[PDB]
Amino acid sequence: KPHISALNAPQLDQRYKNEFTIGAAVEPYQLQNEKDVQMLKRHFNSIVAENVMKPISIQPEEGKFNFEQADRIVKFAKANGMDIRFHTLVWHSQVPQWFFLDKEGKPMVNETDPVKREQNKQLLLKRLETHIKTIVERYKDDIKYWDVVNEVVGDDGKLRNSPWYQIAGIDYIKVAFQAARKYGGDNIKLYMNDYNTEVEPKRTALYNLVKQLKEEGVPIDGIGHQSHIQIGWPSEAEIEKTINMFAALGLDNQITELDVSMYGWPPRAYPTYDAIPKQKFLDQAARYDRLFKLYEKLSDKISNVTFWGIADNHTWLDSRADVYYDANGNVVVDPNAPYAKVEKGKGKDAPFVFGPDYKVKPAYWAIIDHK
């Protein structure tokens, strides 16, 4: 199948229009690039902000709200008939430090006095409610899907002990969903988003957390599976079990940040796109073929599949693409091979079905067909 321009190619969202929406994460400057705009209009019917809707982007200082960048994404979505996902109301990264400072300016996590810790908990929860209220009151009529909390379960199977949890305990999760439903109403859909949702003990810990929260009447509508995955892991059988188990609790499932890395973990990356062997793209295409056949099998349980980017010229995985060099200066991509030094974050990954020149890859043909 030819490496044709993705602007002359069959629309990816139309191939999946009865199964689930097809989305992309974007930055506002991509809306000023003719190729990226052309790609969003041609192939996607859902959009999400890669970064400008995170807590530190929206309220960098208490009371100073920047909706300008977020507004540009929302206006583009509306003009183009796209669904919008909000990422994300609560997270322990890209979150402003002012949330966690007491009235005298000291970090609340340092407080030992029980009465003062309880006062700090209430102050943090009030600030959390106001952040959520201001955002949902502005976008409740435009944005259907919301990542209310992101990454609240740890990889060890315990709740993540971030400042949110250290200061307020489980109530910050409850307050966040409660607040989004209160100001957004019943028509917005609320999600708990996380990575490695297919991996134990995290998977069981998330399951138990959401089961309990719903038993308590906390309003959660679905689970976002970030799906930052590799060519061989996690297995499709494990992805299927995961999606099925959350659907059995009555939860919608969205694949929210899909990218299929060319590497393992920790990744040993090629230094440029040019150096990635052709065989890697065929291995990736076979993975995409099996993944999307599985998503179609489970389409009644998945409302959206969103890629964490548009095309291979821009992906956050490049920040993880470390390049290892041997004593002679040769690149090393075998995890067990000798190496002398590493250049962190300087290599290139190639995770999508669209190449860096906006031409389709073998993975695109693998998912646009009906085999």
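Residue numbers run from 1 along the displayed sequence.
Asks: Mean C-alpha B factor from the entry: is it higher for 245-253 or for 82-90?
Replies: Mean CA B-factor is higher for 245-253.
Asks: Mean CA B-factor: is it higher for 164-172 or for 297-305?
Replies: It is 164-172 that shows the higher mean C-alpha B-factor.
Asks: Taking the Cα B-factors listed in the entry, which of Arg117, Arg290, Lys189, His131 comes out highest?
Replies: In this record, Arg117 carries the highest C-alpha B-factor of the candidates.
Asks: Among the candidates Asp113, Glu137, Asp194, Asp147, give the one with the maximum CA B-factor reported in the record.
Replies: In the PDB entry, the greatest C-alpha B-factor among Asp113, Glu137, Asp194, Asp147 is found at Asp113.
Asks: When the modelled residues of the chain are sorted by Cα temperature factor, does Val152 land in the lowest, middle or highest third?
Replies: Ranked within chain, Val152 CA B lands in the middle tercile.
Asks: Mind checking which third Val199 falls in for C-alpha B-factor across the chain?
Replies: It falls in the top third of the chain.
Asks: Within this chain, which third does the Cα B-factor at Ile223 fall in: lowest, middle or highest?
Replies: Bottom third by C-alpha B-factor.
Asks: Comparing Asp259 with the other modelled residues of its chain, is its CA B-factor in the lowest, middle or highest third?
Replies: According to the entry, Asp259 has a C-alpha B-factor in the chain's lowest third.
Asks: Sorting the chain's CA B-factors, does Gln69 end up in the lowest, middle or highest third?
Replies: Middle third - that is where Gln69 ends up once the chain's C-alpha B-factors are sorted.
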